[PDB]
Number of protein chains: 2
Amino acid sequence: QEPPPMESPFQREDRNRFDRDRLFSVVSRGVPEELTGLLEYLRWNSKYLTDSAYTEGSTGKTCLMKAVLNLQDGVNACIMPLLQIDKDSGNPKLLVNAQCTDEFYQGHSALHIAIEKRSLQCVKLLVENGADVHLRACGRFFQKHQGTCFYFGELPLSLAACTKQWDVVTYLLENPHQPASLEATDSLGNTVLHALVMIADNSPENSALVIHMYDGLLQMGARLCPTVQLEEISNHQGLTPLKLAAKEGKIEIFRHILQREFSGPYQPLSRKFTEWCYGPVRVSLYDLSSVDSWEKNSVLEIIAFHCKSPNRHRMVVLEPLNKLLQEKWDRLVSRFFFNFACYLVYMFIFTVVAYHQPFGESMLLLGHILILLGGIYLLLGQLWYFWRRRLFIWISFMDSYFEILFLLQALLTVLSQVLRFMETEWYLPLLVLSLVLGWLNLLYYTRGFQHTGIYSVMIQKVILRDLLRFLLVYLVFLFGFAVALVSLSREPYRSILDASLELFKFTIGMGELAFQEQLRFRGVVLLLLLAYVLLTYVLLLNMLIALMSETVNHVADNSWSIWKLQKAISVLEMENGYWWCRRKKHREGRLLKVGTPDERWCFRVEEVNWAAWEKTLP
Amino acid sequence: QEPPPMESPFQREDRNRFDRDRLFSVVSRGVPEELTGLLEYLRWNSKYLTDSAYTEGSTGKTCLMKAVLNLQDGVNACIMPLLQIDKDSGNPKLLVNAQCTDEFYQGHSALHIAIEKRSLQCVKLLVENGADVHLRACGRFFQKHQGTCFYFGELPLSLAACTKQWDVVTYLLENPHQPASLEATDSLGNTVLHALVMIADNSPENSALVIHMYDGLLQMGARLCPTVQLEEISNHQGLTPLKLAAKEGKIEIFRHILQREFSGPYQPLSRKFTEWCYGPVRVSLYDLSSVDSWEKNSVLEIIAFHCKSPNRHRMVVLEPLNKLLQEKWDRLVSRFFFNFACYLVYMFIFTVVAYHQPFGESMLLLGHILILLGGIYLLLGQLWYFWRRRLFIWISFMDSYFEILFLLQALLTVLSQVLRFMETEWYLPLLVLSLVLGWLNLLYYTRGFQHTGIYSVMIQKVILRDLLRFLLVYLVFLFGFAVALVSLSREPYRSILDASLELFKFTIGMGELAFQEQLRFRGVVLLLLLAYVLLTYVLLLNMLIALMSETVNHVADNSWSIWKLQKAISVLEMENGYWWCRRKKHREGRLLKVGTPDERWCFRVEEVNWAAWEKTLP
């Protein structure tokens with residue numbers, strides 16, 4: 001069953017002396033007097049407007065919703081009578097606070113509607129007659145999900161703030177009857193600001209809208225609720241508006257929030273204090289509250305792992321983050337290169353042992369046991385990493401696969417060692433394959449060299465999504481032809497799989513196919529192989545084209561950000577220190593008294609901007 | 001230890017009845033009267049403001065710096081009192097001239113600050129109270145280096161001129177107390193103009209800024225210092241502003257300076273006198289003082305060798321340089337082609353001798369000894385070239401490598417001849433390899449043909465930076481797999497290196513890999529080779545893509561400039577003549593009396609510009 005629409009002059013309504021139809025029809029046109037007599041009716045048979053008589057069958061919709069949905073000049077002169085009449089009928093469960101009760105429009109009050117319909121003048125009459133404002137509307141249509149939806153925080157006030165309706169916010173916060181708790185929260189845990197960020201796209205116009213509303217609403221909350229900190233509240237997931245903009249990947253607001261400057265009044269609620277400027281350069285203390293790895297759930301962790309979005313990488317290059325990560329890198333590169341050298345020696349030993357295994361006895365046994373130890377230790381390390389980041393692989397595979405390969409290598413090598421202890425012979429293949437995997441995996445340390453990483457990422461830019469969408473087609477082209485050949489030469493190609501292998505290695509260039517002239521049906525095989533080759537060539541060509549379509553689009557300079565991001569990932573993970581030795585994280589920046597006394601840790605960055613400085617010059 | 005910041009209302013200060021804190025705090029707000037009583041204090045305990053009491057712990061910063069750093073309406077009414085008070089305290093080492101003494105802010109006077117803070121009104125009070133203006137500020141932060149820095153010449157006047165502050169320059173040069181020596185110089189040797197050029201980027205706005213300041217300041221110096229030549233002064237490196245703009249690679253100012261025209265007054269300080277114009281064409285004598293190869297260190301030498309920048313090539317195409325180099329080329333192409341033919345005959349003889357060495361005795365011995373002579377002579381030539389240009393290879397490798405190969409060839413051939421005289425047999429391989437190298441090196445003469453060079457440079461445009469960043473990855477993919485195969489087939493692939501060679505020549509196409517079915521573990525080898533091939537193919541593909549991303553960007557017409565530049569390099573080097581015969585360079589252009597009598601050598605070029613001529617037409 002589709003969800004019934006809220007307002008349809010055409011699809012009249014469902015149903016699951018005044019009857020419903022008459023009342024709806026009169027309030028629609030919006031004339032007052034046709035209502036007269038209604039009151040009497042109710043007193044006669046003791047009915048209440050919220051009863052199942054006049055409400056909708058499914059949604060529990062009422063008249064008021066209909067009235068507000070049918071306006072003229074932003075007003076519907078019929079309403080105030082309804083409130084007078086309800087109040088005079090003596091209704092226990094008030095009318096105005098009436099909400100829908102279906103799953104789609106759950107909690108869709110009238111006031112949400114008036115707010116959407118942009119009428120201050122109706123909001124006045126409504127809230128001036130006992131209305132409530134904390135009626136969270138938690139229906140599905142209001143929860144953000146793929147498809148038709150409208151997420152605004154499930155609250156009137158947040159709906160306005162999400163809809164630019166300034167003059168309504170001032171009201172909702174400056175009435176004597178029932179103001180809104182600016183620090184309110186929805187069922188999910190979000191307040192207004194979280195909605196502001198949840199709707200935002202990276203588009204510029206929406207971004208200016210939301211920045212404007214954010215700053216203005218923040219000043220309003222500083223005036224009306226100075227004691228509380230609207231920004232450091234968190235939802236039922238454990239995040240803040242900033243962290244949330246990071247996770248969901250909203251940027252252009254993330255940036256603004258991180259480096260927002262306000263001078264004179266409202267100074268305290270800023271996170272960028274301009275310390276001193278000199279011509280081109282402008283050194284300014286940035287606040288890093290909630291973006292340092294010291295705290296349990298820092299913005300950094302989220303940006304690196306929890307987030308799932310392409311523009312992620314573009315979030316780290318900016319300030320202050322870049323300077324901060326550069327500091328941590330300058331601090332931990334030594335430990336990094338040491339891990340590099342140690343693993344490299346492990347690989348050297350593994351190689352030597354492989355090349356020579358088939359007092360030398362003591363040396364070789366020592367090498368073997370040492371390989372075992374190194375593998376088990378590496379395995380523990382990667383397993384701790386995975387326990388800490390279980391979903392991460394499902395999030396950002398392209399930045400993690402080395403974290404897979406390390407573990408795979410340790411697994412295979414330890415299995416090989418146990419097999420060696422056993423009688424079986426399959427230990428040598430697993431061993432040598434692990435050796436290859438390890439020599440290869442010795443590219444996760446390509447990063448620090450600070451140019452080879454920029455060069456590599458391009459090696460990684462080659463997408464394999466295409467492989468997953470492609471291997472299927474190619475595998476068909478292959479398997480079918482191979483079945484055919486084996487069938488036709490049945491009475492080499494004796495076993496199917498091996499012939500499939502012939503065709504594969506031919507398509508590659510490694511191997512030479514067999515067109516046995518001896519076979520009675522030679523011409524058939526020749527034509528069939530020509531088909532194979534034509535189609536495989538075409539398919540490879542299309543793969544090449546769908547690869548080429550990447551660069552031509554003239555995209556530029558991503559790789560730098562991507563390298564910065566891989567380096568940040570590595571450093572931030574390493575920061576925890578190896579599991580066996582738990583590390584005591586190092587606070588960053590220092591505490592400075594700027595507020596008036598509000599105190600905020602800070603980090604000083606020296607940024608020079610020749611072009612910007614000249615632009616300012618007259 | 002990070003450098004302390006100059007001004008921080010928040011990070012109060014270090015330390016390494018008036019105490020320091022009170023004085024700083026009062027001058028900050030900028031109120032005069034709270035200072036009263038200070039004077040008395042000093043007379044009581046004989047303290048001086050410049051003493052370690054009131055100055056900064058590290059930098060030696062003083063109060064005045066604080067005051068000027070904290071302005072209101074570009075003024076701080078507290079200052080003049082400080083000067084009065086100091087003068088009245090009888091201080092030996094004046095206050096105003098006080099500078100920092102740390103390594104970061106070394107010599108950061110107050111006046112530099114007022115100049116940066118754009119206040120003429122404070123500069124007035126400061127310089128009108130005994131201030132000095134030649135306080136070179138030679139700190140690190142002021143020396144141009146990678147990262148946070150601000151290079152302006154280490155002088156107030158040059159700071160203004162580098163910061164567009166006209167009205168301040170007029171003052172600094174037109175006060176009776178202490179004007180600035182327009183011909184001043186820093187510790188490094190630079191004057192103002194050198195700073196103007198050192199800051200300039202190729203951006204247009206900065207370029208207009210600097211051109212404006214250059215021309216205006218030059219007129220000012222022509223008025224105030226007519227006797228001296230501000231443009232022909234040189235620094236402690238031995239360069240002029242023009243030469244410096246060339247070396248560092250600043251262009252858009254280089255161009256303007258080379259062809260700058262001023263009519264009527266200030267005519268003399270111009271380097272382009274419009275001789276006669278006729279519709280489209282406009283012949284104009286250009287001055288080449290300091291851009292001819294006659295002088296010891298000409299602009300040309302610098303542009304060809306000493307400079308390290310991409311936009312170098314774009315500096316030569318322009319006038320007058322292009323016409324000049326074209327002249328020298330028309331003059332020396334004969335000698336060039338003769339060197340070509342002589343070396344070609346050398347190669348012909350070398351070939352013949354190789355093909356036939358294994359009265360013919362006299363002929364062959366003559367050929368052998370002749371090869372020796374030619375090689376030793378070529379070696380001397382290239383060695384003289386390297387002695388003269390030692391660093392050049394580290395500067396512009398892509399334009400030099402032939403200068404490497406010639407020498408390498410001479411070395412190997414002479415070694416081969418001595419070996420032939422000896423018993424050993426390795427002479428023949430070295431010899432034939434030198435023969436190949438020589439036939440190849442016979443492409444440095446591809447230039448003169450005047451179209452084959454334009455075609456070749458594209459052959460050179462293929463970057464090998466990628467090779468250096470790539471060969472590593474590929475070598476891993478290769479070596480690891482080869483180790484694996486040799487280990488697995490240990491109990492061909494017997495010796496590792498030879499198997500690595502198999503894999504390499506297979507990846508190329510030259511050689512055929514060996515998948516010995518006899519080997520017990522055949523399937524392992526097959527899968528492993530498939531991995532090798534997949535990954536090598538992917539890697540070659542990524543190399544191809546990172547190559548393709550060059551052309552698509554739609555860059556245009558560079559190659560012409562590049563050919564012109566290679567030809568200029570060749571001619572200018574040849575100009576010295578072969579070492580064995582020292583050449584007497586030929587002055588260019590002629591001397592013409594245009595000034596009023598200033599005399600300047602000149603070169604006449606006939607440039608036609610159809611489009612420009614029409615644009616001028618109304």
# chains A, B, ... in the order shown; residues from 1 in each chain; ligands from 1
$ closest_atom_pairs --of "chain B" --to "chain A" --cutoff "8 Å" --atoms "only C-alpha atoms" --output "tab-separated table"
residue	atom	partner	partner_atom	distance
B:6	CA	A:276	CA	7.7
B:7	CA	A:276	CA	6.0
B:8	CA	A:275	CA	5.7
B:9	CA	A:275	CA	7.4
B:10	CA	A:594	CA	5.6
B:11	CA	A:592	CA	6.4
B:116	CA	A:279	CA	6.5
B:117	CA	A:278	CA	7.9
B:148	CA	A:606	CA	6.3
B:149	CA	A:608	CA	7.9
B:150	CA	A:280	CA	7.5
B:163	CA	A:279	CA	7.8
B:206	CA	A:614	CA	7.4
B:466	CA	A:455	CA	7.8
B:469	CA	A:452	CA	5.9
B:473	CA	A:443	CA	7.9
B:476	CA	A:440	CA	6.6
B:477	CA	A:440	CA	6.4
B:480	CA	A:436	CA	5.3
B:481	CA	A:436	CA	5.8
B:483	CA	A:351	CA	7.4
B:484	CA	A:432	CA	5.4
B:486	CA	A:355	CA	7.5
B:487	CA	A:355	CA	5.1
B:488	CA	A:432	CA	7.0
B:490	CA	A:358	CA	7.8
B:491	CA	A:358	CA	6.4
B:513	CA	A:510	CA	7.8
B:521	CA	A:429	CA	7.8
B:524	CA	A:429	CA	6.9
B:528	CA	A:433	CA	8.0
B:530	CA	A:505	CA	8.0
B:533	CA	A:508	CA	7.9
B:539	CA	A:459	CA	6.8
B:542	CA	A:459	CA	5.6
B:545	CA	A:548	CA	7.6
B:546	CA	A:458	CA	7.5
B:549	CA	A:551	CA	6.5
B:552	CA	A:552	CA	6.5
B:553	CA	A:554	CA	6.8
$ residues_around --residues "stretch 41-47 of chain A" --least-positions-apart "2" --cutoff "10 Å" --atoms "only C-alpha atoms" --output "PDB file with N, CA, C and O atoms, in the first residue's frame"
ATOM      1  N   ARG A  17     -25.966  19.025  11.219  1.00  0.00           N
ATOM      2  CA  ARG A  17     -25.337  17.733  10.977  1.00  0.00           C
ATOM      3  C   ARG A  17     -24.102  17.901  10.099  1.00  0.00           C
ATOM      4  O   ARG A  17     -24.211  18.256   8.926  1.00  0.00           O
ATOM      5  N   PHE A  18     -22.929  17.636  10.669  1.00  0.00           N
ATOM      6  CA  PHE A  18     -21.658  17.781   9.968  1.00  0.00           C
ATOM      7  C   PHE A  18     -20.955  16.436   9.900  1.00  0.00           C
ATOM      8  O   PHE A  18     -20.651  15.836  10.937  1.00  0.00           O
ATOM      9  N   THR A  36     -20.654  27.184  11.411  1.00  0.00           N
ATOM     10  CA  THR A  36     -21.655  27.363  12.453  1.00  0.00           C
ATOM     11  C   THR A  36     -22.598  26.169  12.510  1.00  0.00           C
ATOM     12  O   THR A  36     -22.926  25.555  11.491  1.00  0.00           O
ATOM     13  N   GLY A  37     -23.033  25.846  13.726  1.00  0.00           N
ATOM     14  CA  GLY A  37     -23.790  24.650  14.005  1.00  0.00           C
ATOM     15  C   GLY A  37     -22.938  23.466  14.419  1.00  0.00           C
ATOM     16  O   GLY A  37     -23.356  22.681  15.285  1.00  0.00           O
ATOM     17  N   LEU A  38     -21.697  23.406  13.931  1.00  0.00           N
ATOM     18  CA  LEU A  38     -20.797  22.323  14.306  1.00  0.00           C
ATOM     19  C   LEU A  38     -20.795  22.138  15.810  1.00  0.00           C
ATOM     20  O   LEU A  38     -21.086  21.051  16.318  1.00  0.00           O
ATOM     21  N   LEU A  39     -20.422  23.189  16.536  1.00  0.00           N
ATOM     22  CA  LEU A  39     -20.298  23.090  17.980  1.00  0.00           C
ATOM     23  C   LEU A  39     -21.473  22.310  18.549  1.00  0.00           C
ATOM     24  O   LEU A  39     -21.299  21.288  19.225  1.00  0.00           O
ATOM     25  N   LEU A  49     -13.276  16.366  17.914  1.00  0.00           N
ATOM     26  CA  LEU A  49     -12.675  16.480  16.588  1.00  0.00           C
ATOM     27  C   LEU A  49     -11.551  15.478  16.367  1.00  0.00           C
ATOM     28  O   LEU A  49     -11.384  14.955  15.260  1.00  0.00           O
ATOM     29  N   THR A  50     -10.768  15.193  17.403  1.00  0.00           N
ATOM     30  CA  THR A  50      -9.672  14.247  17.250  1.00  0.00           C
ATOM     31  C   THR A  50     -10.152  12.810  17.137  1.00  0.00           C
ATOM     32  O   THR A  50      -9.340  11.924  16.853  1.00  0.00           O
ATOM     33  N   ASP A  51     -11.438  12.562  17.350  1.00  0.00           N
ATOM     34  CA  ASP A  51     -11.976  11.218  17.249  1.00  0.00           C
ATOM     35  C   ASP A  51     -11.865  10.709  15.813  1.00  0.00           C
ATOM     36  O   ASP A  51     -11.623  11.463  14.868  1.00  0.00           O
ATOM     37  N   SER A  52     -12.052   9.399  15.659  1.00  0.00           N
ATOM     38  CA  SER A  52     -11.978   8.747  14.358  1.00  0.00           C
ATOM     39  C   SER A  52     -13.070   9.196  13.402  1.00  0.00           C
ATOM     40  O   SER A  52     -13.087   8.738  12.254  1.00  0.00           O
ATOM     41  N   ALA A  53     -13.979  10.070  13.831  1.00  0.00           N
ATOM     42  CA  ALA A  53     -15.041  10.524  12.944  1.00  0.00           C
ATOM     43  C   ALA A  53     -14.491  11.460  11.879  1.00  0.00           C
ATOM     44  O   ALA A  53     -14.665  11.230  10.678  1.00  0.00           O
ATOM     45  N   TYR A  54     -13.818  12.525  12.307  1.00  0.00           N
ATOM     46  CA  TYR A  54     -13.433  13.599  11.407  1.00  0.00           C
ATOM     47  C   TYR A  54     -11.982  13.510  10.977  1.00  0.00           C
ATOM     48  O   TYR A  54     -11.595  14.174  10.010  1.00  0.00           O
ATOM     49  N   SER A  89     -15.240  22.923  23.525  1.00  0.00           N
ATOM     50  CA  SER A  89     -15.800  21.582  23.579  1.00  0.00           C
ATOM     51  C   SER A  89     -15.246  20.758  24.732  1.00  0.00           C
ATOM     52  O   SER A  89     -15.793  19.691  25.028  1.00  0.00           O
ATOM     53  N   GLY A  90     -14.178  21.214  25.378  1.00  0.00           N
ATOM     54  CA  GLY A  90     -13.585  20.483  26.479  1.00  0.00           C
ATOM     55  C   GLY A  90     -12.921  19.197  26.037  1.00  0.00           C
ATOM     56  O   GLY A  90     -13.366  18.107  26.403  1.00  0.00           O
ATOM     57  N   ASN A  91     -11.854  19.308  25.253  1.00  0.00           N
ATOM     58  CA  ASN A  91     -11.190  18.113  24.759  1.00  0.00           C
ATOM     59  C   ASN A  91      -9.996  17.763  25.631  1.00  0.00           C
ATOM     60  O   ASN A  91      -9.122  18.616  25.841  1.00  0.00           O
TER      61      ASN A  91
END
$ closest_residue --among "A:272, A:108, A:328, A:306" --to "residue A:248" --atoms "only C-alpha atoms"
A:306
$ residues_around --residues "stretch 387-400 of chain A" --least-positions-apart "4" --cutoff "12 Å" --atoms "only C-alpha atoms" --output "MDAnalysis selection string"
chainID A and resid 247 301:310 312:313 380:383 404:407 441 444 457 459:465 562:570 573 576 579
$ select_by_dssp --residues "stretch 47-293 of chain A" --states "strand (DSSP E or B)" --output "PyMOL selection string"
chain A and resi 72+75+272-278+281-287
$ write_last_selection --atoms "C-alpha atoms" --output "short mmCIF file (atom, residue, chain, number, x, y, z; two decimals), in the first residue's frame"
data_model
loop_
_atom_site.label_atom_id
_atom_site.label_comp_id
_atom_site.auth_asym_id
_atom_site.auth_seq_id
_atom_site.Cartn_x
_atom_site.Cartn_y
_atom_site.Cartn_z
CA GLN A 72 -4.92 32.25 0.56
CA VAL A 75 -3.68 32.94 5.69
CA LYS A 272 40.61 31.01 14.57
CA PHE A 273 42.14 33.94 16.44
CA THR A 274 44.34 36.03 14.17
CA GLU A 275 47.50 36.35 16.22
CA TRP A 276 49.67 38.47 13.96
CA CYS A 277 49.87 39.31 10.28
CA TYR A 278 52.86 40.62 8.35
CA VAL A 281 52.00 35.89 6.12
CA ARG A 282 49.22 35.56 8.67
CA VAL A 283 49.89 33.45 11.76
CA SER A 284 46.72 32.62 13.64
CA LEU A 285 46.10 30.24 16.50
CA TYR A 286 43.63 27.53 15.53
CA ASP A 287 41.65 25.63 18.13
#
$ closest_residue --among "B:270, B:207, B:165, B:559" --to "residue B:600" --atoms "only C-alpha atoms"
B:270
$ select_by_dssp --residues "stretch 160-197 of chain B" --states "alpha helix (DSSP H)" --output "MDAnalysis selection string"
chainID B and resid 160:161 166:173 192:197
$ residues_around --residues "stretch 339-346 of chain A" --least-positions-apart "2" --cutoff "8 Å" --atoms "only C-alpha atoms" --output "list in words"
residues 335, 336, 337, 348, 349, 350, 371, 374, 442 and 445 of chain A
$ atom_distance --atom1 "atom CA of residue B:4" --atom2 "atom CA of residue A:589"
14.1 Å
$ atom_distance --atom1 "atom CA of residue B:132" --atom2 "atom CA of residue B:63"
17.5 Å
$ closest_residue --among "A:314, A:585, A:194, A:29" --to "residue A:66" --atoms "only C-alpha atoms"
A:29
$ closest_residue --among "B:202, B:289, B:298, B:178" --to "residue B:133" --atoms "only C-alpha atoms"
B:178
$ residues_around --residues "residue B:502" --least-positions-apart "4" --cutoff "12 Å" --atoms "only C-alpha atoms" --output "list in words"
residues 478, 479, 481, 482, 485, 486, 492, 493, 494, 495, 496, 497, 498, 506, 507, 508, 509, 510, 511, 512, 513, 514, 515 and 529 of chain B
$ atom_distance --atom1 "atom CA of residue A:574" --atom2 "atom CA of residue A:300"
13.4 Å
$ decode --residues "stretch 58-146 of chain B" --atoms "C-alpha atoms" --output "PDB file, in the first residue's frame"
ATOM      1  CA  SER B  58      64.845  35.601  23.751  1.00  0.00           C
ATOM      2  CA  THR B  59      64.393  38.068  20.902  1.00  0.00           C
ATOM      3  CA  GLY B  60      65.586  41.206  22.624  1.00  0.00           C
ATOM      4  CA  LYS B  61      62.253  42.718  21.601  1.00  0.00           C
ATOM      5  CA  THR B  62      61.438  46.038  23.250  1.00  0.00           C
ATOM      6  CA  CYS B  63      58.361  48.078  24.103  1.00  0.00           C
ATOM      7  CA  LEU B  64      58.348  50.184  20.942  1.00  0.00           C
ATOM      8  CA  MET B  65      57.832  47.063  18.857  1.00  0.00           C
ATOM      9  CA  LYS B  66      54.845  46.204  21.047  1.00  0.00           C
ATOM     10  CA  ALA B  67      53.380  49.683  20.689  1.00  0.00           C
ATOM     11  CA  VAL B  68      53.688  49.732  16.932  1.00  0.00           C
ATOM     12  CA  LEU B  69      52.294  46.206  16.775  1.00  0.00           C
ATOM     13  CA  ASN B  70      49.213  47.464  18.656  1.00  0.00           C
ATOM     14  CA  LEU B  71      47.751  50.402  16.730  1.00  0.00           C
ATOM     15  CA  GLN B  72      44.393  52.173  16.641  1.00  0.00           C
ATOM     16  CA  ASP B  73      43.594  54.211  13.526  1.00  0.00           C
ATOM     17  CA  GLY B  74      47.140  53.566  12.369  1.00  0.00           C
ATOM     18  CA  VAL B  75      48.419  55.433  15.431  1.00  0.00           C
ATOM     19  CA  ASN B  76      49.486  54.704  19.010  1.00  0.00           C
ATOM     20  CA  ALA B  77      49.526  57.892  21.086  1.00  0.00           C
ATOM     21  CA  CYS B  78      51.936  56.362  23.610  1.00  0.00           C
ATOM     22  CA  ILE B  79      55.098  56.358  21.478  1.00  0.00           C
ATOM     23  CA  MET B  80      56.392  59.951  21.427  1.00  0.00           C
ATOM     24  CA  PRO B  81      56.458  59.798  25.238  1.00  0.00           C
ATOM     25  CA  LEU B  82      58.785  56.794  25.011  1.00  0.00           C
ATOM     26  CA  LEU B  83      61.280  58.673  22.859  1.00  0.00           C
ATOM     27  CA  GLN B  84      61.118  61.764  25.061  1.00  0.00           C
ATOM     28  CA  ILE B  85      61.658  59.542  28.091  1.00  0.00           C
ATOM     29  CA  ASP B  86      64.575  57.595  26.638  1.00  0.00           C
ATOM     30  CA  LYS B  87      66.319  60.760  25.458  1.00  0.00           C
ATOM     31  CA  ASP B  88      65.805  62.208  28.934  1.00  0.00           C
ATOM     32  CA  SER B  89      67.162  59.078  30.641  1.00  0.00           C
ATOM     33  CA  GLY B  90      70.520  59.448  28.881  1.00  0.00           C
ATOM     34  CA  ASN B  91      70.839  56.112  27.126  1.00  0.00           C
ATOM     35  CA  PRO B  92      74.136  55.317  25.350  1.00  0.00           C
ATOM     36  CA  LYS B  93      72.749  52.755  22.876  1.00  0.00           C
ATOM     37  CA  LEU B  94      69.689  54.512  21.485  1.00  0.00           C
ATOM     38  CA  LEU B  95      66.262  52.953  21.847  1.00  0.00           C
ATOM     39  CA  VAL B  96      64.820  53.430  18.362  1.00  0.00           C
ATOM     40  CA  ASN B  97      67.785  51.736  16.720  1.00  0.00           C
ATOM     41  CA  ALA B  98      67.180  48.750  19.011  1.00  0.00           C
ATOM     42  CA  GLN B  99      66.889  45.476  17.131  1.00  0.00           C
ATOM     43  CA  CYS B 100      66.116  41.927  18.056  1.00  0.00           C
ATOM     44  CA  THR B 101      69.094  39.635  18.499  1.00  0.00           C
ATOM     45  CA  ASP B 102      67.648  36.134  18.156  1.00  0.00           C
ATOM     46  CA  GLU B 103      68.380  34.183  14.991  1.00  0.00           C
ATOM     47  CA  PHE B 104      64.812  34.316  13.682  1.00  0.00           C
ATOM     48  CA  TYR B 105      64.006  38.037  13.905  1.00  0.00           C
ATOM     49  CA  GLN B 106      67.583  39.297  13.718  1.00  0.00           C
ATOM     50  CA  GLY B 107      67.607  43.029  13.072  1.00  0.00           C
ATOM     51  CA  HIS B 108      63.807  43.375  13.102  1.00  0.00           C
ATOM     52  CA  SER B 109      63.715  47.047  14.012  1.00  0.00           C
ATOM     53  CA  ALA B 110      60.606  49.018  14.884  1.00  0.00           C
ATOM     54  CA  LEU B 111      60.651  51.015  11.665  1.00  0.00           C
ATOM     55  CA  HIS B 112      60.353  47.871   9.558  1.00  0.00           C
ATOM     56  CA  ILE B 113      57.173  47.265  11.533  1.00  0.00           C
ATOM     57  CA  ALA B 114      55.647  50.703  11.130  1.00  0.00           C
ATOM     58  CA  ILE B 115      56.400  50.394   7.423  1.00  0.00           C
ATOM     59  CA  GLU B 116      54.649  47.040   7.284  1.00  0.00           C
ATOM     60  CA  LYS B 117      51.762  48.428   9.334  1.00  0.00           C
ATOM     61  CA  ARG B 118      51.324  51.076   6.645  1.00  0.00           C
ATOM     62  CA  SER B 119      51.464  54.091   8.996  1.00  0.00           C
ATOM     63  CA  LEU B 120      53.151  57.172   7.600  1.00  0.00           C
ATOM     64  CA  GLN B 121      52.118  59.099  10.706  1.00  0.00           C
ATOM     65  CA  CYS B 122      54.109  56.843  13.036  1.00  0.00           C
ATOM     66  CA  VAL B 123      57.068  56.701  10.655  1.00  0.00           C
ATOM     67  CA  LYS B 124      57.148  60.479  10.919  1.00  0.00           C
ATOM     68  CA  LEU B 125      57.430  60.486  14.699  1.00  0.00           C
ATOM     69  CA  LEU B 126      59.966  57.665  14.649  1.00  0.00           C
ATOM     70  CA  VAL B 127      62.397  58.953  12.037  1.00  0.00           C
ATOM     71  CA  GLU B 128      61.988  62.463  13.457  1.00  0.00           C
ATOM     72  CA  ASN B 129      63.528  61.214  16.722  1.00  0.00           C
ATOM     73  CA  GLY B 130      66.955  59.937  15.720  1.00  0.00           C
ATOM     74  CA  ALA B 131      65.866  56.759  13.947  1.00  0.00           C
ATOM     75  CA  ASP B 132      68.121  55.089  11.397  1.00  0.00           C
ATOM     76  CA  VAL B 133      67.118  53.615   8.052  1.00  0.00           C
ATOM     77  CA  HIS B 134      70.071  51.419   6.988  1.00  0.00           C
ATOM     78  CA  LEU B 135      69.401  48.828   9.709  1.00  0.00           C
ATOM     79  CA  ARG B 136      69.725  45.713   7.601  1.00  0.00           C
ATOM     80  CA  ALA B 137      67.544  42.961   9.054  1.00  0.00           C
ATOM     81  CA  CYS B 138      69.385  39.749   8.232  1.00  0.00           C
ATOM     82  CA  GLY B 139      67.375  37.217  10.215  1.00  0.00           C
ATOM     83  CA  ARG B 140      66.482  33.830   8.819  1.00  0.00           C
ATOM     84  CA  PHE B 141      62.759  34.551   8.584  1.00  0.00           C
ATOM     85  CA  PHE B 142      63.779  37.374   6.243  1.00  0.00           C
ATOM     86  CA  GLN B 143      66.080  35.262   4.062  1.00  0.00           C
ATOM     87  CA  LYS B 144      64.150  33.555   1.286  1.00  0.00           C
ATOM     88  CA  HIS B 145      64.008  29.821   1.891  1.00  0.00           C
ATOM     89  CA  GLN B 146      61.477  27.044   1.478  1.00  0.00           C
TER      90      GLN B 146
END
